[PDB]
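Asks:
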Amino acid sequence: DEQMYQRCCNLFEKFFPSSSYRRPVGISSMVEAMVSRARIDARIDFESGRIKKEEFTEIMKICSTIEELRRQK
Amino acid sequence: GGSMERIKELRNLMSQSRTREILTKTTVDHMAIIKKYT
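These protein sequences, in sequence, are chains A and B.
Quick note: the first sequence uses PDB author numbering, first residue 685, plus one each step.
Quick note: the second sequence uses PDB author numbering, first residue -2, plus one each step.
Okay, structure coming up:
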């Protein structure tokens, strides 16, 4: 069928696990859901000590880049 | 770690037109739908 759609779906599950019910918003695009989740998790995880300041900054910067690439298709 | 892996992968998928299209255009709701017939 398509492994490209499978690649996207597989990635989505890394932001919204089969530990299923902390659900994304159904009407959001896949990338918008994932970026929103990435940001919420990075702040909580940085607060909790699970990621370091360098990891937090790089995650937030990548999200803003991704958000730039959404707004232009 | 995982937070880095997954954001880097998303960034990489947004760097190629076909995957960028899938990810920007497809709603979360439609995912089970497309997935059912994949």
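Note that the Cβ used here is the ideal one computed from N, Cα and C, for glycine as well.
Taking Cβ positions, are residue 19 of chain B and residue 689 of chain A nearer each other than 9 Å?
Replies: Within the second sequence, numbered from 1, the residue matching residue 19 of chain B stands at position 22. Within the first sequence, numbered from 1, the residue matching residue 689 of chain A stands at position 5. Yes, the pair counts as a contact, with Cβ atoms nearer than the cut-off.
Asks: Determine, using beta-carbon pairs with one atom in the segment 706 to 716 of chain A and one in the segment 750 to 757 of chain A, whether at least three such pairs fall under 8 Å.
Replies: Yes, the segment 706 to 716 of chain A touches the segment 750 to 757 of chain A.
Asks: Would you list the one or two residues that DSSP bridges to residue 24 of chain B?
Replies: Taking the second sequence and counting its residues from 1, the one referred to as residue 24 of chain B is at position 27. Partner(s): A:713.
Asks: Ignoring anything shorter than 4 residues, give me the alpha helix (DSSP H) runs that lie fully in the segment 712 to 752 of chain A, in order along the chain.
Replies: 714 to 732
Asks: For residue 739 of chain A and residue 1 of chain B, which I take to be in contact (beta-carbon distance under 8 Å), what is that distance rounded to the nearest angstrom?
Replies: Walking along the first sequence from the start, residue 739 of chain A turns up at place 55. Walking along the second sequence from the start, residue 1 of chain B turns up at place 4. Their Cβ separation, rounded to whole angstroms, is 6 Å, which keeps residue 739 of chain A and residue 1 of chain B in contact under 8 Å.
Asks: Could you compute how far the alpha carbon of residue 721 of chain A sits from the alpha carbon of residue 691 of chain A?
Replies: Here residue 721 of chain A refers to the residue found at position 37 of the first sequence. Here residue 691 of chain A refers to the residue found at position 7 of the first sequence. Going by the C-alpha atoms only, they are around 18 Å apart.
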